[PDB]
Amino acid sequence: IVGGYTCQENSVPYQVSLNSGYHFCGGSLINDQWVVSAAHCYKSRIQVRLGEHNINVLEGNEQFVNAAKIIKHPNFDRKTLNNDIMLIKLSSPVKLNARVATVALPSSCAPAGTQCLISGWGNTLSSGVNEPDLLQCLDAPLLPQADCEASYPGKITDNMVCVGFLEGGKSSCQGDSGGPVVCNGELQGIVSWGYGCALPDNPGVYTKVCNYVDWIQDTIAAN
């Protein structure tokens, strides 16, 4: 994330780190054995790291659990990143506490103007590259669909929602991908795609989670 601020130590307990030798994506704990992330962050061998602030140092309040089953959305479109959502089942239930806690699924779709929080260890520079140690945060509204269409003409489906600014040079970036977007105590989006750190003067596009509540539930039931 560019133009954001270092989050308060463990202020985002539902944030996890998808690691495969190195951190590559973010996700969210939805229960003591299931994590939600972006489908494009799929890998055959994934280790989930929870309760972490400084991703490059062992603080003591962390938990590392391997993935036992990774389930992408049947209709995931790698070309248009449509239906860009994936569920991950942990090999062992994680011991929930203050540092490691869940996040609620949307009871409804958040209307335009709603304020949200974006987190992750993505790139923080507009020119060059820099992988922060500490978890970065950014407060950004949920732009109307009209604004979403203007920036990415004819590329927005019903399962996508824009969040960000049109100026100010603040936005999500690669590394933050698959990471949570919480609006009003609920998970409303998943860092999917957009111009990123390079063109911060454009809103980003996220998966519209309020559309998959049924799927998530039925999946968690049958597995």
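Just count from 1 along the sequence shown to find any residue number.
If you average the C-alpha B-factors over 156-164 and over 53-61, the higher value belongs to 53-61. Judged by mean Cα B factor in the deposited record, 36-44 ranks above the other of 36-44 and 22-30. For the set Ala101, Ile88, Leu81, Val129, the PDB entry assigns the largest Cα B-factor to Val129. Of all the options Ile71, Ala140, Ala146, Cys137, the entry's greatest CA B-factor is assigned to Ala146.
In the PDB entry, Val12 places in the middle third of its chain by CA B-factor. Sort the chain's modelled residues by C-alpha temperature factor and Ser177 lands in the middle third, per the entry. Ranked by Cα temperature factor within the chain, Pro106 sits in the highest third according to the deposited record.
Placement of the Cα temperature factor of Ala198 within the chain: highest third of the modelled residues, per the deposited record. Ranked against the other modelled residues of its chain, the C-alpha B-factor of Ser119 as given in the entry falls in the lowest third.
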